[PDB]
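**Student:** My structure is stored as data-v2.pdb, with PDB, C-alpha atoms (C1' of nucleotides) and all ligand atoms.
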ATOM      1  CA  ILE P 133     -58.537  -2.464  36.909
ATOM      2  CA  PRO P 134     -61.240  -4.896  35.707
ATOM      3  CA  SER P 135     -64.147  -3.369  33.809
ATOM      4  CA  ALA P 136     -67.805  -3.754  34.719
ATOM      5  CA  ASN P 137     -69.500  -6.930  33.526
ATOM      6  CA  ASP P 138     -71.804  -4.813  31.338
ATOM      7  CA  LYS P 139     -69.052  -2.605  29.891
ATOM      8  CA  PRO P 140     -66.837  -3.780  27.009
ATOM      9  CA  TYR P 141     -63.299  -4.996  27.560
ATOM     10  CA  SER P 142     -60.704  -2.348  28.332
ATOM     11  CA  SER P 143     -57.530  -2.002  26.284
ATOM     12  CA  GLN P 144     -55.559  -3.771  29.017
ATOM     13  CA  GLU P 145     -58.097  -6.600  29.252
ATOM     14  CA  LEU P 146     -58.018  -7.083  25.483
ATOM     15  CA  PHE P 147     -54.240  -7.442  25.720
ATOM     16  CA  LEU P 148     -54.604 -10.098  28.421
ATOM     17  CA  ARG P 149     -57.431 -11.728  26.464
ATOM     18  CA  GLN P 150     -55.128 -11.915  23.437
ATOM     19  CA  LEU P 151     -52.283 -13.325  25.546
ATOM     20  CA  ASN P 152     -54.602 -16.122  26.673
ATOM     21  CA  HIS P 153     -55.394 -16.918  23.038
ATOM     22  CA  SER P 154     -51.704 -16.823  22.097
ATOM     23  CA  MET P 155     -50.799 -19.546  24.596
ATOM     24  CA  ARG P 156     -53.551 -22.020  23.702
ATOM     25  CA  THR P 157     -55.223 -21.460  20.340
ATOM     26  CA  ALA P 158     -52.753 -19.392  18.306
ATOM     27  CA  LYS P 159     -50.541 -22.456  17.679
ATOM     28  CA  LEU P 160     -53.260 -24.885  16.562
ATOM     29  CA  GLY P 161     -53.249 -26.540  13.154
ATOM     30  CA  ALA P 162     -49.640 -27.418  12.399
ATOM     31  CA  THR P 163     -46.146 -27.708  13.817
ATOM     32  CA  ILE P 164     -43.060 -26.335  12.069
ATOM     33  CA  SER P 165     -40.042 -28.539  11.349
ATOM     34  CA  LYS P 166     -36.699 -27.995   9.603
ATOM     35  CA  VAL P 167     -36.938 -24.189   9.777
ATOM     36  CA  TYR P 168     -34.070 -21.993  10.959
ATOM     37  CA  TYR P 169     -34.804 -19.595  13.823
ATOM     38  CA  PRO P 170     -31.950 -17.107  14.414
ATOM     39  CA  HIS P 171     -32.367 -16.873  18.195
ATOM     40  CA  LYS P 172     -31.887 -20.626  18.684
ATOM     41  CA  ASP P 173     -28.228 -20.322  17.647
ATOM     42  CA  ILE P 174     -27.594 -18.411  20.878
ATOM     43  CA  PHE P 175     -29.956 -20.229  23.254
ATOM     44  CA  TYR P 176     -29.735 -23.805  21.877
ATOM     45  CA  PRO P 177     -26.189 -24.211  20.544
ATOM     46  CA  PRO P 178     -25.202 -27.778  19.628
ATOM     47  CA  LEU P 179     -22.489 -29.767  21.350
ATOM     48  CA  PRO P 180     -19.120 -29.893  19.545
ATOM     49  CA  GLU P 181     -19.414 -33.643  18.886
ATOM     50  CA  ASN P 182     -22.728 -33.259  17.007
ATOM     51  CA  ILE P 183     -21.487 -30.597  14.561
ATOM     52  CA  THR P 184     -21.362 -31.616  10.895
ATOM     53  CA  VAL P 185     -20.038 -30.019   7.733
ATOM     54  CA  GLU P 186     -23.670 -29.497   6.720
ATOM     55  CA  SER P 187     -24.381 -27.530   9.905
ATOM     56  CA  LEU P 188     -21.285 -25.369   9.422
ATOM     57  CA  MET P 189     -22.211 -24.824   5.778
ATOM     58  CA  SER P 190     -25.807 -23.952   6.700
ATOM     59  CA  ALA P 191     -24.418 -21.189   8.935
ATOM     60  CA  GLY P 192     -22.261 -19.749   6.138
ATOM     61  CA  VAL P 193     -18.936 -20.486   7.843
ATOM     62  CA  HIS P 194     -17.359 -21.539   4.518
ATOM     63  CA  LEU P 195     -17.788 -18.124   2.830
ATOM     64  CA  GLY P 196     -14.404 -16.397   2.869
ATOM     65  CA  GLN P 197     -13.318 -13.023   1.535
TER
ATOM     66  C1'   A H   1      72.897  10.038 -22.434
ATOM     67  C1'   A H   2      71.403   9.083 -17.521
ATOM     68  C1'   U H   3      71.440   9.989 -12.034
ATOM     69  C1'   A H   4      72.285  13.346  -8.129
ATOM     70  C1'   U H   5      73.281  18.398  -6.299
ATOM     71  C1'   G H   6      72.959  23.644  -6.333
ATOM     72  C1'   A H   7      70.713  27.173  -9.290
ATOM     73  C1'   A H   8      69.500  32.480 -11.990
ATOM     74  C1'   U H   9      64.684  32.320 -13.039
ATOM     75  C1'   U H  10      59.603  31.134 -12.700
ATOM     76  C1'   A H  11      54.511  28.452 -11.667
ATOM     77  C1'   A H  12      50.725  26.349  -8.340
ATOM     78  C1'   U H  13      48.859  25.877  -3.496
ATOM     79  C1'   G H  14      47.857  25.527   2.110
ATOM     80  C1'   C H  15      47.307  27.691   6.805
ATOM     81  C1'   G H  16      47.151  31.759   9.826
ATOM     82  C1'   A H  17      45.234  36.143  11.707
ATOM     83  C1'   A H  18      42.500  40.121   9.597
ATOM     84  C1'   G H  19      39.731  43.859   7.387
ATOM     85  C1'   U H  20      37.942  45.554   2.537
ATOM     86  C1'   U H  21      34.351  45.578  -2.119
ATOM     87  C1'   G H  22      29.974  43.231  -3.168
ATOM     88  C1'   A H  23      25.804  39.790  -1.644
ATOM     89  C1'   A H  24      26.803  34.403  -5.302
ATOM     90  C1'   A H  25      24.676  29.914  -2.483
ATOM     91  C1'   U H  26      21.043  27.525   1.569
ATOM     92  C1'   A H  27      13.395  29.448   1.896
ATOM     93  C1'   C H  28      10.198  30.311  -4.588
ATOM     94  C1'   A H  29      17.443  32.908  -0.989
ATOM     95  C1'   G H  30      14.189  37.360  -3.503
ATOM     96  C1'   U H  31      16.682  36.008 -11.790
ATOM     97  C1'   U H  32      15.304  27.699  -9.922
ATOM     98  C1'   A H  33      20.170  25.420  -8.733
ATOM     99  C1'   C H  34      23.547  22.464 -10.764
ATOM    100  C1'   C H  35      26.365  19.554 -15.208
ATOM    101  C1'   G H  36      29.017  20.107 -19.965
ATOM    102  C1'   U H  37      30.711  23.912 -23.067
ATOM    103  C1'   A H  38      31.491  29.014 -25.054
ATOM    104  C1'   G H  39      31.931  34.325 -24.464
ATOM    105  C1'   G H  40      32.269  38.487 -20.955
ATOM    106  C1'   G H  41      33.278  40.963 -16.135
ATOM    107  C1'   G H  42      37.075  44.274  -9.717
ATOM    108  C1'   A H  43      35.481  40.052  -7.175
ATOM    109  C1'   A H  44      32.242  36.672  -6.145
ATOM    110  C1'   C H  45      29.771  35.824 -10.732
ATOM    111  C1'   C H  46      26.736  37.278 -15.546
ATOM    112  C1'   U H  47      25.071  35.569 -20.399
ATOM    113  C1'   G H  48      24.177  31.856 -24.588
ATOM    114  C1'   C H  49      23.054  26.388 -25.957
ATOM    115  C1'   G H  50      21.479  21.481 -24.418
ATOM    116  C1'   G H  51      21.080  18.389 -20.177
ATOM    117  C1'   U H  52      19.618  17.002 -14.799
ATOM    118  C1'   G H  53      16.044  17.377 -10.296
ATOM    119  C1'   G H  54      20.059  16.846  -6.251
ATOM    120  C1'   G H  55      12.679  22.223  -7.499
ATOM    121  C1'   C H  56       7.091  22.245  -8.498
ATOM    122  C1'   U H  57       3.751  13.563  -7.886
ATOM    123  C1'   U H  58       4.049  19.971  -3.606
ATOM    124  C1'   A H  59      -0.659  15.545  -7.027
ATOM    125  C1'   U H  60      -7.363  15.602  -3.321
ATOM    126  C1'   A H  61     -15.466  16.238  -5.922
ATOM    127  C1'   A H  62     -19.537  20.019 -11.747
ATOM    128  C1'   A H  63     -23.838  17.788  -5.131
ATOM    129  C1'   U H  64     -28.590  15.255  -6.054
ATOM    130  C1'   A H  65     -31.310   7.513  -5.234
ATOM    131  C1'   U H  66     -36.666   3.483  -4.852
ATOM    132  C1'   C H  67     -43.185   0.060  -3.407
ATOM    133  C1'   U H  68     -45.945  -4.915   0.367
ATOM    134  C1'   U H  69     -48.885  -7.709   4.718
ATOM    135  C1'   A H  70     -45.514  -2.314  11.900
ATOM    136  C1'   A H  71     -46.694  -6.776  14.347
ATOM    137  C1'   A H  72     -52.830 -11.141  17.688
ATOM    138  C1'   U H  73     -46.894 -12.196  13.453
ATOM    139  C1'   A H  74     -40.469  -9.445  13.913
ATOM    140  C1'   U H  75     -38.259  -7.675  18.424
ATOM    141  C1'   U H  76     -38.626 -11.983  23.976
ATOM    142  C1'   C H  77     -36.569 -17.102  23.809
ATOM    143  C1'   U H  78     -31.434 -20.345  28.448
ATOM    144  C1'   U H  79     -30.559 -27.375  25.808
ATOM    145  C1'   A H  80     -36.494 -26.559  24.756
ATOM    146  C1'   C H  81     -39.208 -27.882  20.546
ATOM    147  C1'   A H  82     -38.822 -31.507  17.784
TER
HETATM  148  K     K D 201      22.239  32.836  -9.144
HETATM  149  K     K D 202      27.192  25.433 -16.667
HETATM  150  K     K D 203      26.621  28.271 -18.297
HETATM  151 MG    MG D 204      21.538  39.919  -7.028
HETATM  152 MG    MG D 205      21.509  35.979  -3.493
HETATM  153 MG    MG D 206      19.163  32.911  -7.137
HETATM  154 MG    MG D 207      27.562  39.986 -20.281
HETATM  155 MG    MG D 208      20.073  27.340 -18.980
HETATM  156 MG    MG D 209      16.220  23.652  -3.197
HETATM  157 MG    MG D 210      11.184  16.548  -3.948
END
Take the structure in the file and give it back as structure tokens.
**Tutor:**
Amino acid sequence: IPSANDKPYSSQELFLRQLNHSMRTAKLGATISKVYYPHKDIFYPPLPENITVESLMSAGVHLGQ
RNA sequence: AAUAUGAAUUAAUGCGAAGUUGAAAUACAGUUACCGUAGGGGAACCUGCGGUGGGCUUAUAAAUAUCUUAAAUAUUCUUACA
């Protein structure tokens, strides 16, 4: 329900105004490299041929009981 | 002297039925049982001394618990970013 052009933004409009900022501006200034994101293990798993000892070790697979 | 036989005479024991006097054992069996040994008692048994567990491992709380960006940021994310 858009608000009148004279009235201030509603709570819903502020949320959509923030979502617009999040897509464009919020990620300006730098990119992030070589940082582990937990979700990417599930959604971007590597292929078996590209797995290294380093990758297995980074995941903690070597830590037994 | 040995072997065999019978033997006066005399000792131990099994089974069978079948009651009698008690109630010793199996449960904490109503006094823990049993082993060795000694004494005593109608009968099982009772008592002393040490031993054994084939009886007590059957074992189960005097309680007290802590601070960093709660999110425009983690929570979403589908091979993308890099
Ligand atoms: K007895
Ligand atoms: K005895
Ligand atoms: K005795
Ligand atoms: Mg008696
Ligand atoms: Mg008795
Ligand atoms: Mg008894
Ligand atoms: Mg006596
Ligand atoms: Mg005794
Ligand atoms: Mg017993
Ligand atoms: Mg026992």
**Student:** Identify every residue of chain P that has at least one atom within 12 Å of any atom of chain H, counting all atoms listed in the file, and report the result as JSON, numbers by chain.
**Tutor:** {"P": [146, 147, 148, 149, 150, 151, 152, 153, 154, 155, 157, 158, 159, 163, 164, 165, 166, 167, 169, 170, 171, 172, 173, 174, 175, 176, 177, 178, 179]}
**Student:** Under the rule of at most 12 Å, produce a per-residue listing of chain H near ligand MG 207 (chain D): chain, number, name, the closest pair of atoms, and the distance in Å, as a Markdown table, using all atoms listed in the file.
**Tutor:**
| residue | atom | partner | partner_atom | distance |
| --- | --- | --- | --- | --- |
| H:39 | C1' | D:MG207 | MG | 8.3 |
| H:40 | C1' | D:MG207 | MG | 5.0 |
| H:41 | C1' | D:MG207 | MG | 7.1 |
| H:45 | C1' | D:MG207 | MG | 10.6 |
| H:46 | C1' | D:MG207 | MG | 5.5 |
| H:47 | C1' | D:MG207 | MG | 5.1 |
| H:48 | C1' | D:MG207 | MG | 9.8 |
**Student:** Once the PyMOL selection byres (((not hetatm)) within 9 of (chain D and resi 206)) has been evaluated on this model, what residues remain selected, and can you format them as a PyMOL selection string?
**Tutor:** chain H and resi 24-25+29-33
**Student:** Specify as JSON, numbers by chain each residue included when the PyMOL selection byres (((chain H and resi 35) around 9) and not hetatm) is applied to this file.
**Tutor:** {"H": [34, 36, 51, 52]}
**Student:** For those residues, write C-alpha atoms (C1' of nucleotides) to a file as a PDB file, keeping the file's coordinate frame.
**Tutor:**
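Wrote it out as result_19.pdb, contents follow:
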ATOM      1  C1'   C H  34      23.547  22.464 -10.764  1.00  0.00           C
ATOM      2  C1'   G H  36      29.017  20.107 -19.965  1.00  0.00           C
ATOM      3  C1'   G H  51      21.080  18.389 -20.177  1.00  0.00           C
ATOM      4  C1'   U H  52      19.618  17.002 -14.799  1.00  0.00           C
TER       5        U H  52
END
**Student:** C1' of residue 69 (chain H) to CA of residue 141 (chain P): how many Å, to one decimal?
**Tutor:**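 Calculated distance between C1' of residue 69 (chain H) and CA of residue 141 (chain P) is 27.1 Å.
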**Student:** Put a box with edges along x, y and z around all the listed atoms of region 142-151 of chain P, pad it by 4 Å on each side, then give me its centre and sizes in Å, one decimal, as AutoDock Vina command-line options.
**Tutor:**
--center_x -56.5 --center_y -7.7 --center_z 26.3 --size_x 16.4 --size_y 19.3 --size_z 13.8
**Student:** Please evaluate the PyMOL selection byres (((chain H and resi 43) around 8) and not hetatm) against the structure above and give the resulting residues as an MDAnalysis selection string.
**Tutor:** chainID H and resid 21:22 42 44:45
**Student:** Tell me, in Å to one decimal, how far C1' of residue 28 (chain H) is from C1' of residue 58 (chain H).
**Tutor:**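 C1' of residue 58 (chain H) lies at a distance of 12.1 Å from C1' of residue 28 (chain H).
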**Student:** What separation in Å, quoted to one decimal, exists between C1' of residue 12 (chain H) and atom K of ligand K 201 (chain D)?
**Tutor:**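 Rounded to one decimal, the two atoms are 29.2 Å apart.
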**Student:** Counting only C-alpha atoms (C1' of nucleotides) and all ligand atoms, figure out which residue out of H:73, H:9, H:20, H:37 gets nearest to ligand K 203 (chain D).
**Tutor:** H:37
